[PDB]
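So this first bit is one chain, no partners, the form deposited in one PDB entry, shown in C-alpha cells.
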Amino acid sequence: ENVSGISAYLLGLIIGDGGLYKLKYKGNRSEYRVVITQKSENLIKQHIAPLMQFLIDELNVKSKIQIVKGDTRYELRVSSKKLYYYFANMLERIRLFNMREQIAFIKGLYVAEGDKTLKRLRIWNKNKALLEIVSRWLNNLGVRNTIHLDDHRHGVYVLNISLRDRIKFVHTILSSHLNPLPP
C-alpha cells in the first residue's frame, strides 16, 4: 500500500503471460525469476518495466530488470529471490485481495490474455480455479459472466464477460484509473 495495486497488476501480467521460476543448477547454484513476456518492446520498456522498476525500488530489491529479446517475443526478467517469493506469496493469498487489488489483477490478466478486439470480452486460461476466483470478483462488481471449457485440445477454459455488462466491465476494470504510475 499503495504499491499493492501495482503488485496485483504485475501479478496479473506474470500469471498470464510470464511466470515465477525457481531454477536449480550444477551446483549448488540456483536462480529465482519473475517473468513477463510480450511481443512489443513498447508496453514492455515503456509501460511494464517502469511499473516493475517502481516496485523493485519500493521493495528495496537489488536486482536488474533484464529485457531479453527472443525470436517470438520479448522477456522482462527479474532475477531475485526476494521478488520471486514476494510474488509467489502474494499468489497464495490471492483470495484475500481487496477491491483495488482485484481490479488491478483482473486488468493485468486481461492485458495478458483477454480478447483485445473487445468485440467480445473473454479471458482464456487452463487454470479453472483461477478463472473461478475472477468470476466471483466480477459477480461482486455486478459483471455477469460464465466459464466453460473452450479449447478441448488444450484443456483451455474461457471466462466470457456478458455484453449486457460491457460498459461496467470496460469502465470499472479496463479503463480504471486506479493506482496509476505514480503522480
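Numbering starts at 1 and runs along the sequence shown. For clarity, a rigid core is taken as the largest C-alpha set superposing within 1.5 Å between two forms.
Keep in mind the form deposited in another entry is missing from the figure; the text below concerns it.
Inset, instruction - Examine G70 after superposing the rigid core and state whether its CA is displaced by 2 Å or more between the shown form and the other one. - result: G70: C-alpha displaced by less than 2 Å between the shown form and the other one.
Inset, instruction - Using a rigid core alignment, state whether the CA of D151 is displaced by 2 Å or more between the shown form and the other one. - result: Moves: yes, 2 Å or greater.
Inset, instruction - For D115, decide whether the Cα shift between the shown form and the other one is 2 Å or greater, given a superposition on the rigid core. - result: Shift at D115: 2 Å or more after core fit.
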